[PDB]
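Coming up, as structure tokens: structure 1 and structure 2, two forms of one and the same protein chain.
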Structure 1
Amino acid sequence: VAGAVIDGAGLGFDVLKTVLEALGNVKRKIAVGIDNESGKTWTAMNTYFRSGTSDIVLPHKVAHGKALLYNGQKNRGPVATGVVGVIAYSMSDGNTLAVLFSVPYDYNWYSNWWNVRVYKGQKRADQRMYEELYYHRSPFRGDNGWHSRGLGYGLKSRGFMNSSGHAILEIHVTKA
């Protein structure tokens, strides 16, 4: 009897929502804290999200001896996407401090990654800047380790990123 079709639909429907409420609860997020000990003032340009979003303003100014705090997180709902993108600040020397972060949904296939680079001139973050920092500029793993690196322009980085979905990226930018 078609009585069994109605229950099939019922079970089928309870499966569906269990699965959607599950994927809904997977959280991927990133706290970013960058310490400006560069000797110059940074002014915010933008954050290009390749994946996910943010709920806050990107701090506009950041003086010598101050820290910038920003964060983001994957899109709400049962999507299987993470939080991935690039933060671009212009510096008072005319150049751009850029910072990559990647906190993926599917840890089977992907890992956490980060990067820091100083591009020449004012460059807003975008799909190209992300592709460069992610695929072609020796990005660091979110491997629970500290990594130092010279940036040019009389500057060096030193940064840490943990390996979980509740990611934090701490970076210090000092005079090399």
Structure 2
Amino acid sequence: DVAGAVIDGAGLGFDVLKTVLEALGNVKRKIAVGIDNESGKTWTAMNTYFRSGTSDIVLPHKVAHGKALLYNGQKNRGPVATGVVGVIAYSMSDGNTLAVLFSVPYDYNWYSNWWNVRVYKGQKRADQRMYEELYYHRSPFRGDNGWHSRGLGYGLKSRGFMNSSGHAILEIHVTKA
């Protein structure tokens, strides 16, 4: 149950993500991400894009049906405080791309937590344009400490939860529609 590892899908839950958060230690903005693949298809790491912050974790290479991937990120430790904001892309065995947005901002006087999930037709790389589409134009969800469900097309749907604070968790279950 460390970031960069793949666990039994059933084992993913809040406490696992809070354990991931806690290992990043004391930093004002960080996120632990859990994505449970019950899509009925194998995913293969494509990449992560960071609009703000970083991760030192390498995306788990393969996430089979029934596995969850664990991942994390944190703000930089430089002088110009940013948050942790980005997009993870996995290719699915159907030839399409699973994309996940997270946004844990620094200055909560102006911004709040957001996340999103979407399947892109075909192979697509996580990048600035994908972040923009996902943050500004694809009805992202609030990190409002509630669950949000959404049909993805392609025979798939998602159910996910993000909390509202600067120490963030994001848990997403991708299942069959």
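Shifts are known only where both forms have a C-alpha. Numbers given to residues start at 1 and step along the sequence of structure 1. What we label the rigid core is the largest C-alpha set whose atoms superpose within 1.5 Å from one form to the other.
Enquirer: Compare the position of the CA of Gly10 between structures 1 and 2 after a rigid core fit and state whether the shift reaches 2 Å.
Expert: Where the cores coincide, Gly10 still shows a C-alpha shift between structures 1 and 2 that is 2 Å or more.
Enquirer: Is it true that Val26 shifts between structures 1 and 2 by 2 Å or more at the Cα, once the core is aligned?
Expert: Yes, the C-alpha position differs by at least 2 Å between structures 1 and 2.
Enquirer: If we fit on the core, is the Cα of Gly77 displaced 2 Å or more between structures 1 and 2?
Expert: Yes, the C-alpha moves 2 Å or more.
Enquirer: Upon rigid core superposition, what is the positional shift of the Cα of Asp55 between structures 1 and 2, expressed in Å to one decimal?
Expert: Shift of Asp55 at C-alpha, rigid core superposed: 1.3 Å.
Enquirer: Please identify, after superposing on the rigid core, every run of 3 or more consecutive residues whose C-alpha atoms all shift by 2 Å or more between structures 1 and 2, listing them in sequence order.
Expert: Core-superposed, the runs shifting 2 Å or more come out as 1 to 26, 77 to 79.
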